Amino acid sequence: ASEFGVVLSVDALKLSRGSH
Amino acid sequence: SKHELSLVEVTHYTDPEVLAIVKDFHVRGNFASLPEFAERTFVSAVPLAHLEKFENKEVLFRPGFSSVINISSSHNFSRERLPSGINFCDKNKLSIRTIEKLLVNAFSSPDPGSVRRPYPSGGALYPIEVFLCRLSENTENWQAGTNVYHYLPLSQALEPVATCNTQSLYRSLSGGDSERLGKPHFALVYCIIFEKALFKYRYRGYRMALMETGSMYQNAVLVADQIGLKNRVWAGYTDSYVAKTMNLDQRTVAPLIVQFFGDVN
Amino acid sequence: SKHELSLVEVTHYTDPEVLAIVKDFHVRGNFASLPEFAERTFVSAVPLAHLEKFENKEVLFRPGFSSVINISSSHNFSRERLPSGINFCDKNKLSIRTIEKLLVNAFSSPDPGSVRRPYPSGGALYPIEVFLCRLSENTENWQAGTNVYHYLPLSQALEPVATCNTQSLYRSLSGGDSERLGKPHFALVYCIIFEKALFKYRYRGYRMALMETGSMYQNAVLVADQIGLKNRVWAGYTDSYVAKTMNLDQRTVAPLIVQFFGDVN
Amino acid sequence: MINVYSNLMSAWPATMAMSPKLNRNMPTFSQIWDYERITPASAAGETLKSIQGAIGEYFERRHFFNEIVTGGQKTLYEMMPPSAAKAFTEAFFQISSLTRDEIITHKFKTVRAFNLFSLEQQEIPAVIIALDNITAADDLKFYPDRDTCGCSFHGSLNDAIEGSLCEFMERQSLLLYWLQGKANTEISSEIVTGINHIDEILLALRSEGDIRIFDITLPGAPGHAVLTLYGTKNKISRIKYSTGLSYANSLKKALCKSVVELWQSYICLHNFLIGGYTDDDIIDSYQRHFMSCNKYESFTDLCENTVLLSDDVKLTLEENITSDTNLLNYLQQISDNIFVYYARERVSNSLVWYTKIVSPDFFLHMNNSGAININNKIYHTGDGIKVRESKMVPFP
Amino acid sequence: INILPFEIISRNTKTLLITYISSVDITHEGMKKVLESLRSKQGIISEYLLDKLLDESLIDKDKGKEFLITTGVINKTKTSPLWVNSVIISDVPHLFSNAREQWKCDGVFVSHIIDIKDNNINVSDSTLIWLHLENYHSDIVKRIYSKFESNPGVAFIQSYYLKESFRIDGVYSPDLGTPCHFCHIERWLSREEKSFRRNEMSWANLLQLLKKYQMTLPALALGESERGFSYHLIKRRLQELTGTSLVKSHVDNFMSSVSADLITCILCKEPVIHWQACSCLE
Amino acid sequence: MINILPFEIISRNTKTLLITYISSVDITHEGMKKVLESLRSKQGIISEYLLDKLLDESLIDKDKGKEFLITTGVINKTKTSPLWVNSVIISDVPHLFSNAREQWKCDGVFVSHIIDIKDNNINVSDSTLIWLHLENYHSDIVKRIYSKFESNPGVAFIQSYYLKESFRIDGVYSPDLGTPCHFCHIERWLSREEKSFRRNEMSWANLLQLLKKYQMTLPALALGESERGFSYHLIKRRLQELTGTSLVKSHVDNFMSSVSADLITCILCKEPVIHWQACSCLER
Amino acid sequence: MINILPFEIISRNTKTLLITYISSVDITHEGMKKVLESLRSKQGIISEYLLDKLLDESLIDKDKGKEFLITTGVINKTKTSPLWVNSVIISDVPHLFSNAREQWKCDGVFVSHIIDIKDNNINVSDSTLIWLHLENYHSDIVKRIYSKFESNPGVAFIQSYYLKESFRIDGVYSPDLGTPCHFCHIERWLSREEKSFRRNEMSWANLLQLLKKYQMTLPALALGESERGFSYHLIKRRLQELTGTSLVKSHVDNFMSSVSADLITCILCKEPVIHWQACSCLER
Ligand SMILES: Cc1cc2nc3c(=O)[nH]c(=O)nc-3n(C[C@H](O)[C@H](O)[C@H](O)COP(=O)(O)O)c2cc1C
Ligand SMILES: Cc1cc2nc3c(=O)[nH]c(=O)nc-3n(C[C@H](O)[C@H](O)[C@H](O)COP(=O)(O)O)c2cc1C
Ligand SMILES: Nc1ncnc2c1ncn2[C@@H]1O[C@H](COP(=O)(O)OP(=O)(O)OP(=O)(O)O)[C@@H](O)[C@H]1O
Ligand SMILES: Nc1ncnc2c1ncn2[C@@H]1O[C@H](COP(=O)(O)OP(=O)(O)O)[C@@H](O)[C@H]1O
Ligand SMILES: [Cl-]
Ligand SMILES: [Mg+2]
Ligand SMILES: [Mg+2]
Ligand SMILES: [Mg+2]
Ligand SMILES: [Zn+2]
Ligand SMILES: [Zn+2]
Ligand SMILES: [Zn+2]
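1. Things to note about the overall build of chain F
Okay, so step 1: Within chain F, the regular secondary structure consists of 8 helices and 14 strands.
Okay, so step 2: Principal-axis analysis of the C-alpha atoms places the extent of chain F at approximately 75 × 40 × 35 Å.
Okay, so step 3: Taking all contacts inside chain F whose residues are at least 6 apart in sequence as the whole, residues at least 24 apart take part in 70%.

Given below as structure tokens:
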């Protein structure tokens, strides 16, 4: 949520983008 | 079992193009090495008589020139590596305690609570699996009838794999050159799990996996020398036949190298 | 120089089909790893957040089952391998005597008259070459201005290779991940000579050569631990750029793996 | 392996993979993951069967959970012949608290079906078939508890029906066993199947814990419903109980699918548990319920309370005079009111088929802890174990 | 004659025919003999052999055939190319101002470029209608379908933009009974709407809110280069659909979508199937 | 470096929607609507100062505004100095590129000049990526360019040209990085095209041809406006991958590799080529 | 096992010449001339007893005679027991093989039977290599054979058939050795033949086809007597490599691999195939 709008949809895969 | 990983998790990241191209390539290096094919096949593109000229040599960066910085041998504090054993002899009984010594020292931490192995690994992914093959009736056994085992380096435990007899397993691993090899008590077989080698780093993972195999059998070499076992790393085997005999599924996993262990009279 | 081999002898046996197919394959594993490409490239097909689930695990031959033969850790007589060093620190001067200790112990016999190396090799052909890269002005040097050398394991001597400066050589070897790496005193680069890997055993030779690379850097790991050097085997480099910087001809020879050495504060 | 990935705006699911395995004598597992559109479809056995089964289960579940549309809106006595409308009325009058007058005057959402015996075309209530909450929203007060019993997908209508019919048989058999505790026979736990992957599983389970193999086929029925049960007291085992079930004409075939399904459930849960995955990952209440049955007490409760019609334990998988008899004859003797819901779609130059076999004269679903037609032609309140009439069977 | 996929199921002396569009009680023994015969014959047959079969089973040729065509057991398809011409209907027709001229030498014959905003669009028989949209709204597809579904030998194909993707639908042919536009997208929306757990950040939310607000879905920030790329894909699919019959060409040439990732420029060719719930199946 | 990503901002009646590659938002704020229209107007990169200015103008907090614009997929922040500071296109068909400089700014690609190959006194600054694209192939054209510019500090080259029914984009040729040149590429493809059933291209027929001055043209089908259009898009996206606004990250194992496209089928093939044994590019 | 190698022994006037693959000799001895004519008459293998008998008959010392016959390339001595004790050819075109049993003895190949696929009660002994060669391909034919004979102790199979303009000889399929079967092969070739620009064959179009009963025919050009002739020679030489008189040793890395031939170009391609992921042959 933000003061600018409401989020309808998200492409989760695109939004995500030695040993750990 | 405590540190178990399911290959289902791994395959979620597999590029099938990569897997196909790597296996296509890998299989070009497989051998059909059998006693029955001796007189109609060969291994060496170089004749026996010209080989010595190629053995134990140095290729120079400036061939024909001799200007070098020499280094003292006084810095060397190591023992010379034993010669690799040939025609092994199984007259002596060999205990499970000796096989156990090799396994924990070459591949496992001394601390059974720790997950840090005595060899490094790209991404800490450890795609290479160690299988134990018992080749002599003069070799002691943990579970009668079981001649193939899988070593779990983190649990420090053996997982039964196959109840093939000892003659069949020797035949698969020893290719057409078994008579020279003689009679080892046991072998380790190092195997790549293709998707585990490939899922994170893609093609470069294949390269990292084969190198890992070498770090592993090398620890075994050094450990063998120290506990008074002879050994010989071995490439003279029919890949698919070994796989078959050990009940490995070749679509997932393949033997890269065999390593033989035992005495020498 | 006494044990010199000319690659002209080798090429007389090269199958050009084999060489082309192996290089085509090999090059699929090369990386374009540079600081300037960080924000438009990636290395891992697995997200950082899912990686831990894949690190230091065991794949089971009978997944979901726990029946095993446990093995005593009381048989382990080894030391635990040190963690692989990261952000190295070059505050201390590092002597040539220390680099020399590593070289002769990891790759050479203690007997300078002997040709028997502390790691085995398919056909005793030894296709893998060791190069030395000096990366710190706080590293002592044998011949001022020379930062790349070739180690001759049988003569036990260094052959000058390149007078690239120390900043350029660090840049090539350290890929885009140099800031995490910090400042090592030196590196070894392990390189395959393709025709030497291929001429005798054909495709299977490629497999044997990469495994050899692993036996070699492993000896270095063990030797580093013993003389109190930190190290990290390293795959985050641009293959051709390293090659270029070391003045290797990529048609003949290619870097398989880099290994970094130094202190850690 | 396989590793087919589709863009999220594709017709096709996010992923399909065949799982690598070290052991060539273990069964292949194949699975399709499609976000939370459905829960992951999977299948197990021989490699190609595994792959066909996961594809098939994916088409099946997507259809019933995500894709049904009703053919409109009718009362029970409008959509079908009278003695069937009555059978449905009596089922529904047990399942909710609404009156018979409310039930017979309510306009239900409809789906195509035909009578299993006469092939007579009719409609049945869509609320039984659709597994989403929208298709027949206005009907759910009559039938709040729906599931996938008798659901099936195939590329031949015959195969789809045969699949629906066998699952119907197995789930009717399972519920009757659950409620009464009666089985026809135990098959030797030490049976050798002759089929590599089946033997492998049995050996692994025998050495991890204990198995019991029971023929629970509806009495008098041809074919074999075979239920396999595992449990262990072993402390480092993450699976303390699992189970599998299948029905076929052939005892061997049923046993083999039974064993493979036990392993399928065993390994999925095992992987969930070692994966670290959370309860928020579980969206299906049958799965939640099965997962809360992962204790040895699930195994002993069934085993101690199982009564066997035959004395000795079956040493071989040889058929008998009953198996051979006609399944439609047997079923019709019990009830005329068995319907086949059916849908079909063109793929290339073929049709694929989605079927579900349904009877209000039988159990309409398998959750006798929800709202269920407890009184029907094969069970009546009181015949069986009473606590079990309000508890759901420990089966996923 | 193409023999479509169907099933017949028998029990007692009863028989039930199910086809892709129909479910029919078969009480005439003659027609059971005709359907059983066609069930085992795989695909394309000759008018002569069908007529021989009908005469054998004592069924009027004309009437028997009307039945088989009407219930979707057979269709009466052309051995010559299915579409003698083609037309492009678009909201960006100016992008195709030279297409008719140019594509000639590729052997692609487009008679007319047509603005979607034109009132009174006509279209000849045996014509393939290419509907290309930068501003996607499902009622635009609905409109074109309603106007032309009834034209003899008509077919349709639709291209549009979804985020980074350029999507070309399969060919929708009433005559051949291939899937339509809605068989894809309406089924896709059904699956989002009827998810076992709705992803509350689903792209269906955007699609459904654009209906509610009477707004089109725009292609995202197309420049000249993306239009050039699009143009070429269109030309090459039309080339694929040129000179094409069910004798020349397999149905999978029609029952296939092409999706192109405009960033990576990678293509994805995927099968298209019917949706039982779609109203294209009447 | 604020990179402006692909999006639209649409209004009808009182409803306003933002749609990006990442997300979609029902915008309930006039100020942010104005910000978003202004950004939709600008091509490619924007000074973080302009962004702050535009935020303050609409009375929007700067970090809240920015966090919104980044996470919703409208913009992103990049930090790294790139390898080539600049691109030039050298071509026999420069008209085809006459709006490229202008348009491709919005894709974050800086092409400084379109150069006609006919021109003498062709100049290229240091650390410039030279894109040589030929419709009418001749190897002497490539030789000339390598000859003019191989010595330039930090230079690299890409070559694109047609062969049969394919459009070819070579791997990046970088003396500094040691990567294969054009001739390494075109020999790899002329080898594959021989109906040889053999990877190995070498025979006495080839040996004899190598005695002559290296020189050649390529057979390829005639181009229409549509093949040119397709080619323009792959050029842009390839330049974008290397030097522009990254939308999709490339794996390190393929980033510099060749890209080949069938113009019939429109299928791409990305493929790393080995050094050609008879080539000189390693010895320079 | 004395194997008689290819040679001729020619006489005109008083001059007699022996010519082999190894060597040529001006024969200055009547006895050895007789020996050599007798051997040229015999097919393939000869009992070392017959050889001694033939030597003693011409008054020639036995070890001197033998050393001559071996080193000049007339014969050789082989010691090893082979993997398959016997070969059978199963075919839809058995007429094409009606002299094969007789002729191929001279190449050291023991084929015990030519079997028409039409025949019921087809029997095969243990450790027999089954060559299945089909002009009219159907996968059910292969399935039937695997089904009849996979369980036979020590069995292996080769399949040969036509695809497009190629003649295909599969790798040796050996349950014992773990090698890929026919279906592993034909899937590898049907993958390569797709204009996919991709090694990976898998997609939803393929997934859907796998739902149907595995079943297929192969498109291939019509054969003339000449294609049949060519095919007959590759069959013979392939059998010879595996079970007959070895003339040229195979490398271990290719010995069991597939052999494909273009019938237009006559070029051979020898190639090891991987196990197909969707195949069952590993699980048996
Ligand atoms: C072939 C190989 C390549 C490696 N490459 C890298 C690398 O690029 N970067 C890095 O930080 N570590 C690298 N490592 C080190 C591993 O990440 C390290 O061995 C592993 O995480 C386990 O940590 P430890 O060695 O400290 O036990 C590599 C190791 C191997 C064997
Ligand atoms: C990868 C690899 C494969 C090998 N394969 C064989 C083999 O097949 N047969 C064999 O006799 N020795 C084999 N060896 C052993 C080498 O021949 C041996 O290391 C070399 O001749 C040097 O002898 P040494 O190890 O006794 O110093 C192999 C060694 C390596 C590293
Ligand atoms: N009355 C007849 N007597 C004998 N043979 C006939 C007769 N009618 C048709 N045939 C044969 O059957 C074949 C099939 O022709 P048919 O009339 O079915 O046209 P079609 O197959 O529908 O082709 P199209 O409509 O595409 O031209 C003909 O080529 C002809 O040899
Ligand atoms: N060859 C096939 N073609 C289409 N669908 C299939 C095929 N084989 C199995 N299925 C379907 O896959 C689903 C899963 O089958 P399976 O795993 O055997 O049994 P279960 O019903 O226990 O899941 C069922 O809908 C089944 O009908
Ligand atoms: Cl059955
Ligand atoms: Mg299932
Ligand atoms: Mg089911
Ligand atoms: Mg089931
Ligand atoms: Zn439709
Ligand atoms: Zn070059
Ligand atoms: Zn196979």
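Once you've had a look at it, read on.
2. Here we look at the site of ligand 3
Residue and element names in this part refer to chain E.
Okay, so step 1: By nearness alone, every residue bordering ligand 3 is listed as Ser46, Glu47, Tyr48 and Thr79.
Okay, so step 2: Interatomic distance of 3.3 Å between a backbone N/O atom of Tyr48 and an oxygen atom of ligand 3.
Okay, so step 3: Interatomic distance of 2.7 Å between a side-chain N/O atom of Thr79 and an oxygen atom of ligand 3.
Okay, so step 4: Here ligand 3 loses 29% of its free accessible area of 640 Å² to cover by the protein chains.
Okay, so step 5: For the shell around ligand 3, a count of residues per class yields 1 nonpolar, 2 polar and 1 charged.

3. Examining the sheet that holds strand β3 (residues 28–33) of chain D
Residue and element names in this part refer to chain D.
Okay, so step 1: Overall, antiparallel pairing links the 4 strands, which are arranged β1-β2-β3-β4 in an open sheet. Only two strands of the sheet have a single partner each, and these edge strands are β1 (4–5) and β4 (41–45).
Okay, so step 2: Bridging between β3 and β4 involves 5 bridges; their strand directions are antiparallel. Bridge assignment links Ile32 to a residue of β4, and that residue is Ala41.

4. Looking at the relation of the copies chain B and chain C
Okay, so step 1: Under the fitted operation, chain B is carried onto chain C by 0.0 Å of movement along the axis and a turn of 180 degrees, and the coordinates agree to an RMSD of 0.0 Å. What we have between these two chains is a two-fold relation.
Okay, so step 2: Most of the interface of chain B is mirrored in chain C, where 100% of its interface residues again form contacts.

5. Points about helix α5 (residues 157–180) of chain D
All names here are of chain D.
Okay, so step 1: Helix length check: α5 (24 residues) gives 34 Å between terminal C-alpha atoms against 34 Å at 1.5 Å per residue, within 8%.
Okay, so step 2: By the N-cap criterion, in which a side-chain oxygen at the helix start approaches the backbone nitrogen of a residue two or three places on, α5 is capped by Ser156, the distance to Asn158 being 3.2 Å.
Okay, so step 3: Looking one or two places after α5, you find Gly181, whose phi comes out positive at around 75 degrees.

6. Re the sheet that holds strand β10 (residues 185–187) of chain D
By definition, the strands of a sheet pair up through backbone hydrogen bonds, in either a parallel or an antiparallel sense.
All names here are of chain D.
Okay, so step 1: In space, the 4 strands of this open sheet follow the order β10-β11-β12-β13, with antiparallel pairing throughout. The strands lining the two open edges of the sheet, one partner per strand, are β10 and β13 (241–248). Put simply, the sheet's adjacent strands are angled 25 degrees from each other on average, direction ignored.
Okay, so step 2: Strand direction decides the pairing type here: strand β12 (residues 224–231) and β13, joined by 8 bridges, are antiparallel. Bridge pairing links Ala225 to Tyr247 in β13.

7. Comments concerning the packing of helix α7 (residues 204–227) of chain B against helix α7 (residues 204–227) of chain C
Okay, so step 1: One can describe the packing of α7 of chain B onto α7 of chain C by two numbers: an axis separation of 6 Å at closest approach and a directional angle of 55 degrees. Taken together, the axes of α7 of chain B and α7 of chain C lie oblique to each other. For the pair α7 of chain B and α7 of chain C, the sense of crossing is right-handed. The residues of α7 of chain C that touch α7 of chain B, namely those facing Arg207, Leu210, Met211, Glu212, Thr213, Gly214, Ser215, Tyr217, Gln218, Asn219 and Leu222 of chain B, are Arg207, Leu210, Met211, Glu212, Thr213, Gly214, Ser215, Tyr217, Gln218, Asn219 and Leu222 of chain C.

8. As for unusual backbone geometry
Residue and element names in this part refer to chain B.
Okay, so step 1: One non-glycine residue with positive phi stands out, namely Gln156, at about 60 degrees.
Okay, so step 2: Positionally, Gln156 belongs in the loop between β4 (148–152) and β5 (157–162).
Okay, so step 3: Positive phi values are uncommon outside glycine, yet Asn247 reaches one of about 65 degrees.

9. A short note on the site of ligand 1
Okay, so step 1: Taken together, 19 residues lie around ligand 1, and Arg116 of chain B together with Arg81, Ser84, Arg180 and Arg232 of chain C are the ones closest in.
Okay, so step 2: Each of chains A, B and C places residues next to ligand 1.
Okay, so step 3: At 2.9 Å, a side-chain N or O of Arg116 of chain B approaches an oxygen atom of ligand 1.
Okay, so step 4: Taking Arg81 of chain C, its side chain carries an N or O atom lying 2.7 Å from an oxygen atom of ligand 1.
Okay, so step 5: Compared with its free state, where it exposes 630 Å², ligand 1 has 91% of that area covered by protein.
Okay, so step 6: For the shell around ligand 1, the leading source of residues is strand β7 (residues 230–234) of chain C, giving 3 residues.
Okay, so step 7: Of the residues belonging to the shell around ligand 1, the class tally is 9 nonpolar, 6 polar and 4 charged.

10. Digging into the packing of aromatic side chains
Pairs of aromatic rings are described using the distance from one ring centre to the other and the angle between the two planes.
Okay, so step 1: Under the definition given, this model contains 86 aromatic pairs over all chains.
Okay, so step 2: Look at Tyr13 of chain B and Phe54 of chain C: their rings are 5.7 Å apart centre to centre, the planes differ by 80 degrees, and that puts the pair in the edge-to-face class. One end of the pair, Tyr13 of chain B, is in the loop between α1 (7–11) and α2 (16–28); the other, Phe54 of chain C, is in the loop between β1 (41–42) and β2 (69–70), on a second chain. The two residues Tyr13 of chain B and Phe54 of chain C agree in class, both being buried.
Okay, so step 3: Taking the centre distance of 4.9 Å and the plane angle of 65 degrees together, the rings of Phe65 of chain D and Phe196 of chain E count as edge-to-face. Within this pair, whereas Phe65 of chain D is found in helix α1 (residues 47–67), its partner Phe196 of chain E is found in the loop between α6 (181–193) and α7 (203–212), the two belonging to separate chains.
Okay, so step 4: Residue classification places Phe196 of chain E among the partly exposed residues on the basis of a relative accessible area of 28%.
Okay, so step 5: Aromatic ring contacts, followed pair by pair, group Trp12, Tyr58, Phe59, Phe153 and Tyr354 of chain D together with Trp204 of chain G into a single cluster.
Okay, so step 6: Sitting over the face of the ring of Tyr342 of chain D, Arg112 of chain D holds its NZ or CZ atom 6.0 Å from the ring centroid.
Okay, so step 7: The ring of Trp189 of chain F carries the charged tip of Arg168 of chain F above its face, separated from the ring centre by 4.3 Å.

11. A look at the pattern of salt bridges
Okay, so step 1: Counted under the stated rule, the structure contains 83 salt bridges over all chains.
Okay, so step 2: With its nearest N and O atoms 2.7 Å apart, the salt bridge here joins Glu135 of chain G to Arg228 of chain G. One end of the pair, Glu135 of chain G, is in the loop between β9 (128–133) and α5 (139–149); the other, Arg228 of chain G, is in helix α8 (residues 225–243), and 93 residues separate them in sequence.
Okay, so step 3: The shortest N-O distance in the salt bridge between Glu241 of chain G and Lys270 of chain G comes to 3.1 Å. Here the residue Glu241 of chain G occupies a position in helix α8, and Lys270 of chain G occupies one in strand β14 (residues 268–271), the gap between them amounting to 29 residues.
Okay, so step 4: Classification of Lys270 of chain G by relative accessible area gives partly exposed; the value is 39%.
Okay, so step 5: Via salt bridges that share partners, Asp34 and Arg37 of chain D together with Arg191 and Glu192 of chain E belong to a single interconnected network.

12. Focus: the interface of chain B and chain C
Okay, so step 1: Taken together, the 124 residues of chain B in the interface contact 124 residues of chain C.
Okay, so step 2: Taken together, the residues of the side of chain B that touches chain C break down into 66 nonpolar, 33 polar and 25 charged.
Okay, so step 3: Relative to strand β5 (residues 157–162) of chain C, strand β2 (residues 69–70) of chain B runs antiparallel, the two sharing 2 bridges. Within β5 of chain C, the residue paired with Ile69 of chain B across the bridge is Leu158 of chain C.

13. Details of the UniProt feature "domain: YcaO" in chain D
Okay, so step 1: The positions that UniProt labels "domain: YcaO" are, in the present scheme, residues 41–396 of chain D.
Okay, so step 2: Spanning residues 41–396 of chain D, this segment combines 37% helix with 20% strand, and its end C-alpha atoms are found 13 Å apart.

14. Some thoughts on the interface of chain A and chain F
Okay, so step 1: Across the contact, 12 residues belong to chain A and 17 residues belong to chain F.
Okay, so step 2: Summed over both sides, the interface between chain A and chain F buries roughly 1200 Å², with carbon and sulfur atoms accounting for 63% of that surface.
Okay, so step 3: Its largest share of buried area at the contact with chain F, chain A owes to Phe4, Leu8 and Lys14 of chain A, together 51% of the area lost on that side.
Okay, so step 4: For the pair chain A and chain F, the number of links is 0 salt bridges.
Okay, so step 5: Breaking the side of chain A that touches chain F down by element, the ones donating at least two residues are β1 (5–10) and α1 (12–16) of chain A.
Okay, so step 6: The element contributing the most residues to the side of chain A that touches chain F is β1 of chain A, with 6 residues.
Okay, so step 7: Taken together, the residues that form the side of chain A that touches chain F break down as 6 nonpolar, 3 polar and 3 charged.
Okay, so step 8: As defined by bridge partners, β1 of chain A adjoins strand β4 (residues 23–27) of chain F across 5 bridges and the pair is classed as antiparallel. Paired with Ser9 of chain A across the bridge in β4 of chain F is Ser24 of chain F.

15. Quick notes on the coordination of the zinc ion (ligand 10)
Residues and elements named next belong to chain F.
Okay, so step 1: Distances from the zinc ion (ligand 10) to its protein donors, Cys181 (SG), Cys184 (SG), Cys279 (SG) and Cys281 (SG), fall within 2.3 to 2.4 Å.
Okay, so step 2: The site at the zinc ion (ligand 10) holds 4 donor atoms, and with the angles between them running 99 to 125 degrees, its shape is tetrahedral.
Okay, so step 3: Sequence positions of the donors to the zinc ion (ligand 10) reduce to the motif C-x2-C-x94-C-x1-C. Both residues of the pair, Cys181 and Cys184, belong to the buried class.

16. Comments concerning the pairing of strand β13 (residues 256–261) of chain E
Residue and element names in this part refer to chain E.
Okay, so step 1: Among the 6 residues in β13, 5 count as buried, and that is most of the element.
Okay, so step 2: Across 4 bridges, strand β11 (residues 165–168) lies against β13 in antiparallel orientation. The partner of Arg167 across the bridge, within β13, is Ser259.
Okay, so step 3: Judged from the 5 bridges that link them, β13 and strand β14 (residues 267–271) form a sheet pairing that is antiparallel. When the bridges of β14 are listed, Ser257 appears paired with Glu270.
Okay, so step 4: Linking two consecutive strands that pair antiparallel, namely β13 and β14, is a turn of 5 residues; a positive phi of about 70 degrees is found at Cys265 within it.

What counts, and at which threshold
- We count residues from 1 along each chain, following the written sequence rather than the entry's numbering, and we skip any residue without coordinates.
- Lettering for chains starts from A, numbering for ligands starts from 1, and both go in the order in which the items are written.
- Each value listed describes the chains present in this view, a part of a larger assembly.
- Excluded from the side-chain calculation are hydrogens and water; included are all heavy atoms of the structure.
- Residues with missing side-chain atoms are left out of burial classes, side-chain pairs and their counts.
- Counting from the N terminus, the helices are DSSP H or I runs at least four residues long and the strands are E runs at least two residues long.
- Should any heavy atoms of two residues lie within 4.5 Å, those residues are counted as being in contact.
- Only a single heavy atom is needed: when it lies within 4 Å of a molecule or strand, its residue is near that molecule or strand.
- Polar contacts here mean pairs of N or O atoms no more than 3.5 Å apart (in protein, one a potential hydrogen donor and the other a potential acceptor; neighbouring residues in sequence count only if both atoms are side-chain atoms).
- Accessible surface area values rest on a Shrake-Rupley calculation with a 1.4 Å probe, where residue burial reflects the displayed protein chains alone.
- Basically, the charged four are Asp, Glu, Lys and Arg, the nonpolar ten are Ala, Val, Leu, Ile, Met, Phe, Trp, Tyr, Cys and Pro, and anything else, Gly included, counts as polar.
- DSSP calls a pair of strands paired once it identifies at least 2 bridges connecting them.
- Least-squares superposition on the C-alpha atoms is how the copies are aligned.
- Multiplying 1.5 Å by the helix residue count minus one yields the expected span of that helix.
- What counts as an axis is a line fitted to C-alpha atoms, over the stretch in contact for a helix, and the angles between N-to-C directions run from 0 to 180 degrees.
- Should an angle fall under 35 degrees it is called roughly parallel, over 145 degrees roughly antiparallel, and 65 to 115 degrees roughly perpendicular, with every other angle called oblique.
- By convention, the crossing between two helices is left-handed when the near helix turns anticlockwise from the far helix through less than a right angle, and right-handed when the turn is clockwise.
- Working definition: rings of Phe, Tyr and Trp (its six-membered ring) pair if their centres are within 6.5 Å, and the pair is stacked with planes under 30 degrees apart, edge-to-face with planes over 60 apart, and tilted otherwise.
- Each residue's exposure class comes from its accessible area (1.4 Å probe, protein chains only) as a fraction of the maximum for that residue type: buried when under 20%, exposed when over 50%, partly exposed otherwise.
- Whether a charge sits over a ring comes down to the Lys NZ or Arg CZ being within 6 Å of the ring centre and within 35 degrees of the ring normal.
- Any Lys or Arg side-chain nitrogen located within 4 Å of an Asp or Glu carboxyl oxygen qualifies as a salt bridge.
- UniProt positions are given in the numbering used here, feature names are shortened, and annotations may be inferred rather than shown by experiment.
- Once two parts are put together, the accessible area they lose, assessed with a 1.4 Å probe and summed over both, is termed the buried area.
- In this description, a donor is an N, O or S atom within 2.8 Å of the metal centre, a cutoff extended to 3.2 Å for sodium, potassium and calcium. Water is not part of the atom list, which can make sites seem incomplete.
- A site with four donors is called tetrahedral when every donor-metal-donor angle falls between 85 and 135 degrees; four donors are called square planar, and six octahedral, when opposite donors sit more than 155 degrees apart and all other angles fall between 65 and 115; any other arrangement is irregular.

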